[PDB]
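Summary of the model geometry
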Amino acid sequence: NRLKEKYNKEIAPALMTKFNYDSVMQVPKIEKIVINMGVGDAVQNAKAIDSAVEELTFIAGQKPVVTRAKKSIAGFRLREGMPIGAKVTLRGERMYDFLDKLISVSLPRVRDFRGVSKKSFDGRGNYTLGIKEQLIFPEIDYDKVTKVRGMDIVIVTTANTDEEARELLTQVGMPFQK
Amino acid sequence: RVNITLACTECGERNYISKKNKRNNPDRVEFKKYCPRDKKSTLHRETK
Amino acid sequence: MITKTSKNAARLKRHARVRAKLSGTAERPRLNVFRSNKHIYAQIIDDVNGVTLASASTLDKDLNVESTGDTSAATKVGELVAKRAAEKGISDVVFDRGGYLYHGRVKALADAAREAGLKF
Amino acid sequence: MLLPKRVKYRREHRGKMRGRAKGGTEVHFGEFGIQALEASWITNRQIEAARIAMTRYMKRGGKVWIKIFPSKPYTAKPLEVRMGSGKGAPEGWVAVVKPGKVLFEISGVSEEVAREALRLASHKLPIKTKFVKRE
Amino acid sequence: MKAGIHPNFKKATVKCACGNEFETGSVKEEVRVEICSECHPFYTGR
RNA sequence: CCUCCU
RNA sequence: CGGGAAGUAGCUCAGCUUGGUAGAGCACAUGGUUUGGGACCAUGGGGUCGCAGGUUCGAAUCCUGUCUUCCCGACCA
RNA sequence: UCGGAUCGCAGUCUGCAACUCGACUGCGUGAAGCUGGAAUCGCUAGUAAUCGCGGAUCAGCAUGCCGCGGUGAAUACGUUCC
RNA sequence: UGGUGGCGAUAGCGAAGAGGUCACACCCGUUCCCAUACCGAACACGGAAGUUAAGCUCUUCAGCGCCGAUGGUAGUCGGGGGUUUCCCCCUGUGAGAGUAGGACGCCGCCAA
RNA sequence: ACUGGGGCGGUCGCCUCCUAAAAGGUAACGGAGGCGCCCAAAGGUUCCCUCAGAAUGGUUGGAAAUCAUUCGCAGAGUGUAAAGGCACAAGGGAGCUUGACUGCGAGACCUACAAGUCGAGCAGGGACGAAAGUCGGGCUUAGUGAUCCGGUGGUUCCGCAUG
RNA sequence: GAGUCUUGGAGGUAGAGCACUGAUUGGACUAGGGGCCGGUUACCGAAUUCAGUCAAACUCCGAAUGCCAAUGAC
Ligand SMILES: [K+]
Ligand SMILES: [K+]
Ligand SMILES: [Mg+2]
Ligand SMILES: [Mg+2]
Ligand SMILES: [Mg+2]
Ligand SMILES: [Mg+2]
Ligand SMILES: [Mg+2]
Ligand SMILES: [Mg+2]
Ligand SMILES: [Mg+2]
Ligand SMILES: [Mg+2]
Ligand SMILES: [Mg+2]
Ligand SMILES: [Mg+2]
Ligand SMILES: [Mg+2]
Ligand SMILES: [Zn+2]
Ligand SMILES: [Zn+2]
């Protein structure tokens, strides 16, 4: 799609010049996008997962895997092996198709949107942004949603540093806070 | 958790003993085991 | 960042796992496979002495195959190592799949090697 | 009164006290110190008496290190019982002190004051001792 | 993509009422948005 | 049921 | 000295044996009723389970130590 | 589309002056509240209930008070009990 | 160079460089076999536009890790002595720590 | 019955550690703990894999749920006590299974006896695997009780003149 | 069969050490808590770090002896 073509033709040659790499193989790319929904109210409500899956299914376009509890935790009333979340890993076209829709369409629909933060890099050039409403995604219908619930969206990149990752994401339409 | 006998379904010979949990396995357990009489692997079933 | 693991480093762990239960003697040597991106290679080895007895690759000029990568090349290589084995007086071997899944090119080599003579 | 905060086993073998001290045979933190010439258990009660005696004479000036810590528990049976019927209950705490061990060190006073402070402490301890200097 | 388990995913075409047009991949056949990157003010600048 | 002292 | 048993709201007691929920009576508080009390009626709130350590995802509950208070025993000489 | 508290902004008027501490207006905000436990009050007719209107005090400030009309019920067997 | 072995990390970490026609990689695809508790990431099948950036290969280095004497000391078999919770002596033996030092690989086989 | 006199209290079999003096063994009413099971997979096999914890980022979401990256001989796990082991895993995952087989068994360990332990290998008929091969329960070591008597199933055995 | 010499081996004691577990001293250092105003202090402090102690049920190590053997010799 347009963003993959934009990456190869425009962004990657620019980053080569920008950072003055020896090889084109050094140019940072987006590896994968992991979308996570933590669903701790699955402890209480059994159908919370079934719903949360269905939302994430349409948003991403792949069937999510249902994550389970690594430990029992008393504070949360969590037992080991309980379904308490759902992730989906996006690579290739399904990744760029998603990331295009995120930037082009969904992040505009965020209520009172004033850019995504410049702080939210991990220190090694991976970006994570927290969505609050699943209503922003155009596949999600307003009427069908009952329980409102957000998600984490990890953008993993081959950038070693934040400034290299920042550049790549800025070169994509991603609206960083001015 | 209880002692069981597995009788060969062909000849009827009570060939094996074993244990099972009745809570976990309430129905009569079945296994394919060597029957010395029949000189082959036959289905054996928990005795009623 | 994402530090990727070397496919070969992963393979060598898998190969070590094979080689724990499997090794060549002079009487019954080890038909090892190595499968590169471009080529496929077969060595017949005994591990007590540590010596290759026969070999065959897609680098051999005897093969007049177009694609060295594909399964058809593996069948040609599997024949040729089995022929060269029979010259040295080798019938029985153990197949060392080299960490690779017993599938595709590696299986194609193994199946060709059987038909050509070698007993496994 | 020094004792360990917890211990792995409340009842331990008494053990033996052969040999010179493994470590702590030189004044290391302080300028001056008192060295054991004989082996003994030193109880936590004796360590407190010795500490106070030297600290009072220094007028709480300078600095005292207590190089031994009474980690080893010792048991006693109740008065007047017969032998046997299990080991006695934990009674107190001792440090095992072998010849050569520097027990206390002192800094921040004169040698004359150090000598006297440590002399006074020596009379609280169940062993012969020698005054020592760092090098 | 192991078959059966996933949803149907195909050409889409998103359309800003504001006028922008482009074709992503999505589940819906005709996506129609009332806002996008070119219309929204943070992106444009006001 | 009870209803402080002068 | 040896052996038991308790220790939970202000007071008296359940819950412990089966690990996941802190209860009950009186008292306390607010309202009502009465000239005003009492009684009565309605409506609330109150510990974190002696202390410490342990096992457990999780301890009033299971294990240990300690403290306090009781009870029983201490015989043949 | 009940209700109109609370709060933000912008005003109006009186007054020397509306911070503490005025009323009113516009725009925005849009709380509790789904007819109220034990208990308890008024009223026998143009009454009760409900709807507006006026006045004194007063610069300004009334859901209070004192008046005014509009619409306009139900029920009373009876005297045992409070 | 690549494959495949043997040898206690003296082989390892870490750091700084160098290299790629072929070979080894990354790399480019998902029609097919096969594949993912989701994902062609991996595994699998195919490809050669690109690249030595990484792996891989080769130099240099003693910061970490590793190996490591000699001497001395502790201990101790045997034999004696004493002031006997312990200590001393004599013919043997002899650490651990510490250190001098070594070491940034040594030895095969096959193919090109 | 044991018993630093007896009574009273406690204990009695099995497993693990220390005491135990660097083979093995080794006492005390010495010091510490477990056991009288559990699991139809928590067994077999084939294939794949790597853990604790921390830092940093991130909706709800906290000290701590799920996600991502980095560091990470293991600081985890191994049904359960402990010890010895285990990261070519003995730890984790998935597919197919029932070897948690029948007949045995060179030879060993242990040992007063009775018992207890290990075992290559052979045959029968299988499981998994392309094959090599592995499999006679479980990382190992507790989870058990002689004889007599009686019950139940099987049986080319006996059957008090003969059937 | 035994003794001794020679050779090989199993094993974790004495000693020692701190690599693990546990205990523990001083300094640097502060997360955090406590007095004292989101602010400050001679009050305690986890981790980290430097140095230092200790251990029947600690071990990165590790004897002397003893033990099991082999090999001849005396
Ligand atoms: K006695
Ligand atoms: K399995
Ligand atoms: Mg009247
Ligand atoms: Mg007025
Ligand atoms: Mg040495
Ligand atoms: Mg007796
Ligand atoms: Mg007695
Ligand atoms: Mg008794
Ligand atoms: Mg011994
Ligand atoms: Mg022994
Ligand atoms: Mg009898
Ligand atoms: Mg007869
Ligand atoms: Mg020692
Ligand atoms: Zn049968
Ligand atoms: Zn637009």
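Residues numbered from 1 in each chain as written, not as in the entry; some residues may be left out. Chains lettered and ligands numbered in written order. Part of a larger assembly, values for the part shown. Heavy atoms only, no water.

Per the deposited record, determination of this structure is attributed to cryo-EM, with the resolution reported as 2.3 Å.

For chain D, the PDB entry supplies the name 50S ribosomal protein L16 and the organism Bacillus subtilis subsp. subtilis str. 168. Here the entry title, as the record gives it, is "B. subtilis ApdA-stalled ribosomal complex". Word for word, the UniProt comment on chain D under Function is "Binds 23S rRNA and is also seen to make contacts with the A and possibly P site tRNAs." Per UniProt, the comment on chain D under Subunit is "Part of the 50S ribosomal subunit." (UniProt positions renumbered as here; feature names shortened; annotations may be inferred.)

As recorded in the PDB entry, chain B goes by the name 50S ribosomal protein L33 1, listed as coming from Bacillus subtilis subsp. subtilis str. 168. For chain B, the Subunit (literature references left out) comment in UniProt is given as "Part of the 50S ribosomal subunit. Interacts with VmlR." The UniProt entry for chain B carries this comment under Sequence similarities: "Belongs to the bacterial ribosomal protein bL33 family."

For the rest of this paragraph, the subject is the overall build of chain D. Per the secondary structure count, chain D includes two helices and seven strands. Helices (α) and strands (β) of chain D occur, in sequence order from the N terminus, as β-β-α-β-β-β-β-α-β. Considering only C-alpha atoms, chain D reaches an extent of 55 × 30 × 25 Å along its principal axes. Looking at the 135 residues of chain D, the share that counts as buried comes to 36%. Restricting the contact set of chain D to residue pairs at least 6 apart, pairs at least 24 apart contribute 81%. A total of about 9,000 Å² of accessible surface is found on chain D, and carbon and sulfur atoms cover 51% of it. Positive and negative side-chain charges of chain D, numbering 30 and 12 respectively, have mean locations separated by a distance of 9 Å. (Helix = DSSP H or I, 4+ residues; strand = E, 2+ residues; numbered from the N terminus. Buried < 20%, exposed > 50% of the residue type's maximum accessible area, 1.4 Å probe, protein only. Contact = heavy atoms within 4.5 Å. Areas by Shrake-Rupley, 256 points an atom, 1.4 Å probe, with all protein chains shown as cover. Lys, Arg positive; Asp, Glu negative; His and termini not counted. Charge placed at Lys NZ, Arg CZ, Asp CG, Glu CD.)

Secondary-structure assignment places A:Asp100 in helix 3 (residues 92-109). Note on A:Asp100: relative accessible area 3%, which makes it buried. In this structure A:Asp100 touches A:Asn1, A:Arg2, A:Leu3, A:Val105, E:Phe22 and E:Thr24, once residues within four positions along its chain are discounted.

So, about helix 2 (residues 111-122) of chain D. Residues and elements named next belong to chain D. Taking 1.5 Å per residue, 12 residues should reach 16 Å; helix 2 reaches 16 Å between its end C-alpha atoms and fits that length. Those residues of helix 2 lying buried are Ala114, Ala117, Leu118, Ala121 and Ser122. Seen end-on, helix 2 carries its buried residues on one side only, within an arc spanning 140°. (Expected span 1.5 Å × (residues − 1). Arc of directions from axis to C-beta.)

So, about the pairing of strand 2 (residues 40-46) of chain C. Residue and element names in this part refer to chain C. Summarising burial for strand 2: five of the seven residues are buried, a large majority. Summarising the sheet, strand 1 (residues 30-35) and strand 2 pair through six bridges and their orientation is antiparallel. Note on strand 2: the bridge partner recorded for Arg30 is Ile45. Where strand 1 hands over to strand 2, the hairpin turn is made up of four residues, counted between the paired strands. Relative to strand 3 (residues 51-57), strand 2 is paired through six bridges, and the arrangement is antiparallel. Each bridged residue has a counterpart across the sheet, and for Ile45 the counterpart in strand 3 is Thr52. Hairpin remark: strand 2 followed by strand 3, antiparallel, with four residues in the connecting loop; positive phi at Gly50, about 85°. (Pairing = 2+ DSSP bridges.)

The next subject is the sheet that holds strand 6 (residues 102-107) of chain D. Residues and elements named next belong to chain D. The strand order across the open sheet built from four strands is 3-6-1-7, with neighbouring strands paired in antiparallel fashion. Every interior strand has two partners, whereas the edge strands, strand 3 (63-66) and strand 7 (129-133), have only one. Across the sheet, the axes of successive neighbouring strands diverge by a mean angle of 20°, strand direction being ignored. Strand direction decides the pairing type here: strand 1 (residues 32-36) and strand 6, joined by four bridges, are antiparallel. Paired with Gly33 across the two strands is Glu105, which belongs to strand 6. (Axes fitted to C-alpha atoms, helices over the stretch in contact; angles between N-to-C directions.)

Under the defined criterion, the tally for this structure stands at 23 salt bridges over all chains. One salt bridge connects C:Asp60 with C:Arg84, and the closest N-O pair in it is separated by 2.8 Å. In this pair, C:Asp60 is assigned in the loop between strand 3 and helix 2 (71-88) and C:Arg84 in helix 2, connecting sequence segments 24 residues apart. By relative accessible area, which is 18% here, C:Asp60 ends up buried. By relative accessible area, which is 23% here, C:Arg84 ends up partly exposed. Between D:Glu48 and D:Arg51 there is a salt bridge, with its nearest N and O atoms 3.0 Å apart. (Salt bridge = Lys/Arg side-chain N within 4 Å of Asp/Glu carboxyl O.)

Residues and elements named next belong to chain A. Here we have five strands laid out as an open sheet, ordered 2-3-1-5-4, and antiparallel in their pairing. Across the chains shown, the open sheet's two edge strands, defined by having one partner strand only, are strand 2 (65-68) and strand 4 (127-131). The sheet shows a mean angle of 25° between the axes of neighbouring strands, direction not considered. Here four bridges tie strand 2 to strand 3 (residues 83-90), and the two strands are oriented antiparallel to one another. Counted as the bridge partner of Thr67 is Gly85 from strand 3. Set on the sheet, helix 3 makes contact with strand 1 (30-38), strand 3, strand 4 and strand 5 (151-157); between it and strand 1 the angle comes to about 65°.

Contact residues are listed per partner, giving 20 residues for chain E and 27 residues for chain A. Between chain E and chain A, roughly 2,000 Å² of surface is buried when both sides are summed, and carbon and sulfur atoms account for 67% of that area. A per-residue breakdown of the area chain E buries against chain A is headed by E:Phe9, E:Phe42 and E:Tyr43, which together make up 31% of the total. Remark: the boundary between chain E and chain A carries zero salt bridges. Looking at the side of chain E that touches chain A, the elements with two or more residues in it are strand 4 (25-26), strand 5 (31-33) and helix 1 (41-44) of chain E. Residues belonging to the side of chain E that touches chain A are distributed by class as follows: 13 nonpolar, six polar and one charged. (Buried area = accessible area lost by both parts, 1.4 Å probe. Nonpolar A, V, L, I, M, F, W, Y, C, P; charged D, E, K, R; others polar.)

Attention now moves to the packing of aromatic side chains. One pass over the full model with this rule turns up 13 aromatic pairs over all chains. With a centroid separation of 6.2 Å and an interplanar angle of 35°, the aromatic rings of A:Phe113 and E:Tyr43 are classed as tilted. Remark: E:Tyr43 occurs in helix 1 and A:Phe113 occurs in the loop between helix 3 and strand 4; the pair is interchain, linking two chains. Ring centres 5.3 Å apart and planes at 85° place the aromatic pair A:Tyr127 and A:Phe176 in the edge-to-face group. With A:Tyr127 in strand 4 and A:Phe176 in the segment after helix 4 (162-171), this pair connects stretches of sequence that are 49 residues apart. (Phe/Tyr/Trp six-rings, centres within 6.5 Å; stacked < 30°, edge-to-face > 60°.)

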